[PDB]
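Q: Please work out how this folds:
(chains A, B, C, D and E, ligands or ions: 6)
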Amino acid sequence: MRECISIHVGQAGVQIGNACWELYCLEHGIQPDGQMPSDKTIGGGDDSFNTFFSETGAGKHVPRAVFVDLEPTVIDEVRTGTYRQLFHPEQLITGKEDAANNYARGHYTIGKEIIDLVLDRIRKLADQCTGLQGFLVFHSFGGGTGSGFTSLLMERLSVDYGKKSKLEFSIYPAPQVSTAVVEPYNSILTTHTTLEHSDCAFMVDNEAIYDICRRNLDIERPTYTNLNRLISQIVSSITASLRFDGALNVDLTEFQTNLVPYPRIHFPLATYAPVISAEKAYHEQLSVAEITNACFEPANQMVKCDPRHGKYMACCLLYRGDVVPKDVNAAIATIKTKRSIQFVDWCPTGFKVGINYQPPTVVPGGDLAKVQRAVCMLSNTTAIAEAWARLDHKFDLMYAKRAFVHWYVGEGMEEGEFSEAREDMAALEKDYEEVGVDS
Amino acid sequence: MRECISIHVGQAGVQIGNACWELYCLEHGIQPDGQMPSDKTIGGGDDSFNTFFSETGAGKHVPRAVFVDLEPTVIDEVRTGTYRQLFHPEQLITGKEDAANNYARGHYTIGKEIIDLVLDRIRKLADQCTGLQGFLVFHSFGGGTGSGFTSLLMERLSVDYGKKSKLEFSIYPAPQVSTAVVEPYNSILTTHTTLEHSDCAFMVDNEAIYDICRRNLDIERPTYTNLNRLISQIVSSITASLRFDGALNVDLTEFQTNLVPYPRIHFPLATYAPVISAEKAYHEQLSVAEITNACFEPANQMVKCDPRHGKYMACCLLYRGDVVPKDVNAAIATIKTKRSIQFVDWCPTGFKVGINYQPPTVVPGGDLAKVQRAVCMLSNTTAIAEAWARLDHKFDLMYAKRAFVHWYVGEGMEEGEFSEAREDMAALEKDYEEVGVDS
Amino acid sequence: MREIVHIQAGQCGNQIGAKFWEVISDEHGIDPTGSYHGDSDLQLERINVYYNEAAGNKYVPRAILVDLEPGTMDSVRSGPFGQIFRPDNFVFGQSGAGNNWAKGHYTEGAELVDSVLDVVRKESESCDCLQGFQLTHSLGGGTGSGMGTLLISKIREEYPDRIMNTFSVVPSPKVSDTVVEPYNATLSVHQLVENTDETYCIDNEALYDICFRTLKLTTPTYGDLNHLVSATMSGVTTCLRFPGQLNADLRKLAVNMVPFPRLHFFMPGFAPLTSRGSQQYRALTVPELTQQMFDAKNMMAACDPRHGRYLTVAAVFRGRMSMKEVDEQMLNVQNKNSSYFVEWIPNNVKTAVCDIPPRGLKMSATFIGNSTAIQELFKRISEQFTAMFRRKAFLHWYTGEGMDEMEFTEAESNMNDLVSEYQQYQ
Amino acid sequence: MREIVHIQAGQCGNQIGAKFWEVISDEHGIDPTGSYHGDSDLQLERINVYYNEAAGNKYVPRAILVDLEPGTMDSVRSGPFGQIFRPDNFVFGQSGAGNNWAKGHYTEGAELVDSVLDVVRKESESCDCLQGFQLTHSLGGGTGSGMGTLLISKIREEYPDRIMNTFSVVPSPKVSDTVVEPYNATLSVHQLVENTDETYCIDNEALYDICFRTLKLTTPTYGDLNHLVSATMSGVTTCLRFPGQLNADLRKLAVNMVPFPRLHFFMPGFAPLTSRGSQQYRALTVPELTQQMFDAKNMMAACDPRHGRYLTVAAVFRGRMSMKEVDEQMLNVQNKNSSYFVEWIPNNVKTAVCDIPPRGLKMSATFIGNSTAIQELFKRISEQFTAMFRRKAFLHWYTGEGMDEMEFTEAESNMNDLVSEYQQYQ
Amino acid sequence: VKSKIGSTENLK
Ligand SMILES: Nc1nc2c(ncn2[C@@H]2O[C@H](COP(=O)(O)OP(=O)(O)OP(=O)(O)O)[C@@H](O)[C@H]2O)c(=O)[nH]1
Ligand SMILES: Nc1nc2c(ncn2[C@@H]2O[C@H](COP(=O)(O)OP(=O)(O)OP(=O)(O)O)[C@@H](O)[C@H]2O)c(=O)[nH]1
Ligand SMILES: Nc1nc2c(ncn2[C@@H]2O[C@H](COP(=O)(O)OP(=O)(O)O)[C@@H](O)[C@H]2O)c(=O)[nH]1
Ligand SMILES: Nc1nc2c(ncn2[C@@H]2O[C@H](COP(=O)(O)OP(=O)(O)O)[C@@H](O)[C@H]2O)c(=O)[nH]1
Ligand SMILES: [Mg+2]
Ligand SMILES: [Mg+2]
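A: Numbers count the residues shown, from 1 in each chain, chains lettered A, B, ... in the order given. Ligands and ions are numbered 1, 2, ... in the order given. Next up is the structure itself:
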């Protein structure tokens, strides 16, 4: 009835997709080979998981996902792993050479070789839908494929579909921790090119999740798997309203309607609570008010920034499980009372509420404790202007010397595109400065 | 309905807290792991012990306590001991280096590193309360953390909460017995800084409890555990009116109302009776009059001073167990008749009476005998002026030579703070001299 | 004789309508399968007001379900009493509203309104004498606000002389459940004030206050708020279904309640409401019903009636009562508290007494107050709308669907004119 | 006909009121569940004086519980007869009084008085003819003194012509139970002497003296002192509930007892009071009741009436008696002991005879004496207040809550003026 | 040194 297509671009996208699809199969009881042990009805019915899983053959559920990568390493990890029989063999699309953390490669040189194949696969998936709401694109800014090919695919999908919601789950470049030396270039170019072709891009940060795993989960040494599982919990909290009925449902279009005040400001920060280990779970009364208050703690934000340095323009609180709406009402009123949580004057109604019935599902061998309820906050705040200014300063420092510029110019990039992207980023910084002014 | 938060700062505070929470779990039947064998009602009810224990999970009671220390030794004794599963794992707050009996360290240098964490924990505890009456801060004067960090926390709590009662249980420096060489410095600085930020500070003394254990309990060689258990009995007698119903109830605010005549004189002396061993318990008729008279014996005061050298400004008698109020009336009249018990002329009504129904609970393996009734006296008398003058003389002797002053100056202390504290202590001595003058 | 067509649009509208049909089927003895298993002839004497008889001794609710997303309809169809509705009346699209008034009113609701109106006309043709329509919807969402206002306009054009009743859930004064509630609320009022006969203002804030302070409910879900709203809905049209000493149907209620064509926004109430513990300590008398009805803390709209003055008051009682006692209580209320009534209307309160109490009660009474204190709701909505519109916040989401700034300006002007009128008569 | 609203405030007030309602429910045959299981029609003939009938053959005490701390209310609700009160009448805050008149009168009592008065007005609206109110409280504490005086002021403003009775526990002359009793007592008298119609002075010292010397109780708890106070409370209003040869309700008692508007502070008493051992040795005759009533060692106020002179005397008898014997005993008392009565009032004693004795007794009689010897209490309180105020002892606890020194000076002046009047008429 | 509490401010 209502379908959603997930697109996983780059290594980060594919790994987060592995985590998300493990969590989906756990929540819906789908075996790793697509079979269902309680498969009483075959060939129809509801079975609300038709949003992400399509019924094929006789008693097999195939994810509505396209995995895209330019090198075969990660997709081959997928092709020979636990869920090799889950995905359609043609949904796992690979090139032959990586983008080498080069936006120019993944956008012009290499992305042009498989963009048509990816779009044809996406078209084949979309033709099997009757109520396709939108797409979910998982990627990272500071990467190669996940930046250049992500922007190219966003442009092509904006051309082909147009009015379908285009949501992104992006790994924002951390302010201190980093992987690539040329992350500012790729991040600025991606932001410039995919800005007007995206509806809502959810921001997460590896450094903030590191800090959350250290402080809250009591994990001194987490790997990328723990980060991927937490991001998967966030994704499941976002899509649970589609996959499960609740007291107050929120489809995907309501996110872009409620969280995006202006067409150029669509970067809401992800936040999840409660995130606690199993040891301290027995010593806390995880009430609605406690989790609602923990959602606004500066130490619990999934992006390394300080919300107290800015104002909230739009906030979305998605509750799950044993949640009473009166308690949500009271907790949000208490939040509005606090003077340390500043909202813009031009948004007197600042919250959007969603309440589901399905409690969070514990992944076997996971980190998070079994809780009765959880809240995922998607807040659009002006505090991300500081992160954008930091990225702009790094970009300026690297570009004033023309460092690494030849690596992009020799791949089909015209040098003026750097200047154009930088001017647009300055304009975006001015946008964020202007919306934060009370008048 | 009515909640009280206990704060245990420093080694003395944490050990007295261990004793007090053992006694609380014994009185309310709570198992060391927070479970209750008679847990018939889960998730609500009364169960009057909600004042100190919060219902979390399903059938687990967590103490409303924050343990603060700068070194991990004592808190690690707590974390691996009998009650490791009783406390919330985040309520046990530790630094990494001790204050080294230096007020300057624990107040400026080291206390600034965890004061925000302690205050955030206290805020999280206070937000779970609906009728929070006040705080109980356990510490010692002549220490490090328990002096500097105690004063810092008192200031911060006076700023944050303001109108909540702030009661202290402090180990007053003994006149002859001592542990640290620089106890006068820390004591004077603590008294100066926390004077205007405290509502009522209960005084106990290790030397007086030594003498009580020698004479009354017939214990020639008591350790710190016996002292901690006697102090825990005093604390339980103080909080029993909140934790149990009686013929005449006394909440925490009534103490500061009845015992503090002037804002700068809030040092009432603790006194407990009967304190007898099990051997001589069979040979005494522990009537109300006998215990009421024993409470005013100079040899039974928990502070090494002579009440006959001063006058009583306010007295509070808290009775427990098989207590008939007519007998309390008659015994207090007899006390008022005696000319050796002098009261100030400006306080014609000198007593405040509280009668509870719950008799004292015997700690298994304890020292005190099982009695049918007991009386805890909290008397504000001018006899403590002699102890303050003794501390002032020690401070002057040490400060005239500038001994140990560099140890504080090099830690952020300005040398003028010593002179300011000494001037304020002289003013306090003059206050005590003035209130004792009949006119 | 008189028959009603029920239309429920939106997620909130569908939930409230499902609870309403549960309550109505319980009142008339209709089990979840449509079979009649009552015990009184009065249950079948006037059952055709809400039920079409499908030959075979089964009754089908004359209800039409409207939504732009099939999820709420699936939940309604699968739940209890979900098998009682006619399968042809589940008229839904596939796109979804997205809490956008522009979308749900000009694109998706416009694509679906033709089928919805076909179903509406089919239901209207099967009646002997159409009394009017009832719309159950919320003013904060996209399907509710836009779709319901579109349907109201269409039906008012097709049926200009029928009773158009709407039971609108209005935005709350403390916590909004949608970031763009001011826009949708203003654009919906701009149509409601023009096309409806009477609108009942229901606010979830006041419902939570009732459930907590009065009913002493620790964990009230929407299953209880919707039950209160359904009790109100059933009490409104009780004179059309069961006999009584003094009857007052929808037309006469609208006549007595609306003095001027634009002032038709009411504050519903209900009594008695008691917790289970305090139930054994309260005697149930007509003075008790009267005292609990005219109570500011009992209003289902989050507007204190003590800040305004009553224009007209409806008090529909149910159960065996005395006309004299009810009239004496109404007169005592009017005399002792005369400062809350407009001086230019004598005998503000119009009463009605039905002989059949609600299920399980000895007697009850539904309060319908038309107070000038409702201007607080519109003032707050207009302030929020202006604050958001001066900066074009979320405005592109509505201008990209076919709207312009002129329409928002006209809606704001109409809202402010309604405010000015309500203040003029105070 | 006549109805009374009972208000109990404070810990002491709540304890005395719980015992009072136990005794009253025993007198009217109302079991702890509210059901009636009496054996005489007179028990139900005038039961509406204290009880509202909640339809269902259950009666609810017309009582309102007030406190600033929920502990005493929890103890009252959990104990015996705790299930008989209406759950809506437990009006309590969360802060607590702390034995501070300034706090309980200006901050916490001021925050709670609105809800308390809402409950009071709701209880008053349910009566046919409101006779008056009774306040049970103590003058030494914070909730009792401040909250009760605030409520008395509010109700006196709202109901200026109703009977305002207070049963105040006054500070003791030997042992105070609160260090700041003089301040609270003076600040409470400053309001009581201005707003109340009659105040009964009860002192725990005299109650202990009674329980020890007369009742020979080795271990008397408050369960016995409160029972004596409740016996007095029940004997005061026995003419409003049961028939008798000579009736005297609250209004006529206040008329006969208060000669001048400010001299309305009484010394209650009770007879017979005997131990179980001496019970078989005492003949119960009207002269014995008369002898035990006019006895200095039997006064419930710790003030020797032999140090003053009686202005007016009320003697409400209960049980089958002879008018002639009672009148002869009163006349003998007035004639033989004429030096203790004011010469400017002839026939000081006003009597009343009820036909129904208390539970278990053949007959009894309640003593209500308005003696000038009560000036000793006020002189002692004023001396202690001056001794504490000359040094500003505990004064910051009251000035930090909104009070000033001018208010203490005015309260002291009013206390001393009351003392001067009582001495003037002696 | 002077005292700080006003115990004698209104000794009247
Ligand atoms: N949270 C999270 N982040 C990841 C994960 N894997 C990679 N990243 C982030 O991705 C960023 C680098 O971009 P990649 O996705 O690895 O590069 P790519 O998309 O494969 O593009 P190429 O350069 O062509 O390989 C780093 O900053 C990482 O923090 C993951 O499993 N979880
Ligand atoms: N009654 C009692 N007193 C104690 C106990 N432990 C320590 N003290 C007293 O505490 C005083 C010293 O202060 P401490 O509390 O040990 O020092 P601290 O608070 O840990 O601060 P640091 O100097 O930084 O370690 C000594 O005079 C002891 O008499 C105890 O268990 N019971
Ligand atoms: N009384 C009641 N109100 C509801 C219910 N569901 C949602 N609401 C309210 O309606 C508003 C949401 O609008 P909604 O009708 O769900 O959006 P729509 O589907 O586009 O019409 C929120 O402010 C909710 O408080 C319900 O079941 N009962
Ligand atoms: N007769 C009687 N007197 C009491 C009782 N409880 C307390 N008192 C007296 O009342 C005084 C205490 O005041 P209290 O009412 O408890 O303080 P409050 O709660 O602030 O009003 C003391 O002097 C007690 O002697 C009781 O149950 N019966
Ligand atoms: Mg790669
Ligand atoms: Mg230490």
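Q: Now do the same contact list for the spatially most central residue of chain E.
A: Note on chain E: the residue nearest the mean C-alpha position is residue E:6, at 3.1 Å, using Cα atoms, centre = their mean. With contact set as Cβ atoms under 8 Å, 6 or more residues apart in numbering or on different chains, residue E:6 has these partners: residue D:392. (Each C-beta comes from the backbone N, C-alpha and C, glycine too.)
Q: same thing with residue A:226?
A: So residue A:226 contacts A:209, A:213, A:217, A:219, A:367 (Cβ under 8 Å, 6+ apart).
Q: need the strands for chain A, in chain order.
A: Per DSSP state E, chain A carries strands over the ranges A:4-9, A:53-56, A:60-63, A:65-69, A:92-94, A:134-140, A:165-172, A:200-205, A:269-273, A:312-321, A:351-355, A:373-381.
Q: Pairing partners for the shortest one, with directions?
A: Strand A:92-94 has these partner strands in its sheet, going by DSSP bridges: strand A:65-69 (parallel).
Q: Tell me what angle the strand it pairs with forms with strand A:134-140.
A: Inter-element angle recorded for strand A:65-69 and strand A:134-140: 30 degrees (by axes from the mean of the first three to the mean of the last three Cα atoms, to 10 degrees).
Q: which non-adjacent residue is nearest residue C:144?
A: residue C:10 (3.0 Å; Cβ to Cβ, 6 or more residues apart in numbering or on different chains).
Q: For the host helix or strand of residue C:406, list the C-alpha coordinates in CSV.
A: With secondary structure defined by DSSP states H and E, residue C:406 is part of helix C:405-424. The C-alpha trace of helix C:405-424 is given here as CSV (Å, rounded to 0.1, in the frame of the first residue of the first chain):
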residue,chain,number,x,y,z
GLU,C,405,0.0,34.7,-0.4
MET,C,406,-3.3,36.5,-1.2
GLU,C,407,-5.2,33.4,0.1
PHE,C,408,-3.3,33.4,3.3
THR,C,409,-3.9,37.1,3.8
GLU,C,410,-7.6,36.6,3.1
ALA,C,411,-7.7,33.7,5.7
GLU,C,412,-6.0,35.8,8.3
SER,C,413,-8.4,38.7,7.6
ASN,C,414,-11.4,36.4,8.0
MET,C,415,-9.9,35.0,11.3
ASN,C,416,-9.4,38.5,12.7
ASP,C,417,-12.9,39.6,11.6
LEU,C,418,-14.3,36.6,13.5
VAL,C,419,-12.3,37.7,16.5
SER,C,420,-13.5,41.2,16.2
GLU,C,421,-17.1,40.1,16.1
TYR,C,422,-16.8,37.9,19.1
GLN,C,423,-15.2,40.8,21.0
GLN,C,424,-17.9,43.1,19.7
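Q: Show me the contact partners of that helix.
A: C:183, C:186-187, C:189-190, C:193-194, C:260, C:262-263, C:308, C:372, C:374-375, C:378-379, C:381-382, C:385-386, C:389, C:395, C:398-399.
Q: Please name the residues that touch the spatially most central residue of chain A.
A: Against the mean C-alpha coordinate of chain A, by Cα atoms, centre = their mean, the closest residue is residue A:169 at 1.9 Å. By Cβ under 8 Å, 6+ apart, residue A:169 lies in contact with A:16, A:136-139, A:201-202, A:204, A:231, A:234-235.
Q: again, 10 Å this time
A: For residue A:169, the contact set (Cβ atoms under 10 Å, 6 or more residues apart in numbering or on different chains) comprises A:6, A:8, A:12-13, A:16-17, A:20, A:136-140, A:201-204, A:231, A:234-235, A:238, A:270.
Q: Can you tell me how far it is from residue D:300?
A: The spacing between residue A:169 and residue D:300, counted by Cβ to Cβ, to the nearest Å, is 79 Å.
Q: Same check on residue A:289?
A: Distance of residue A:289 to residue D:300, given as Cβ to Cβ: 51 Å.
Q: Check residue A:361 too.
A: 70 Å.
Q: Give me the more crowded residue out of the two.
A: Using other Cβ atoms under 10 Å in any protein chain shown as the criterion, residue A:361 and residue D:300 rank with residue D:300 on top: 25 against 17.
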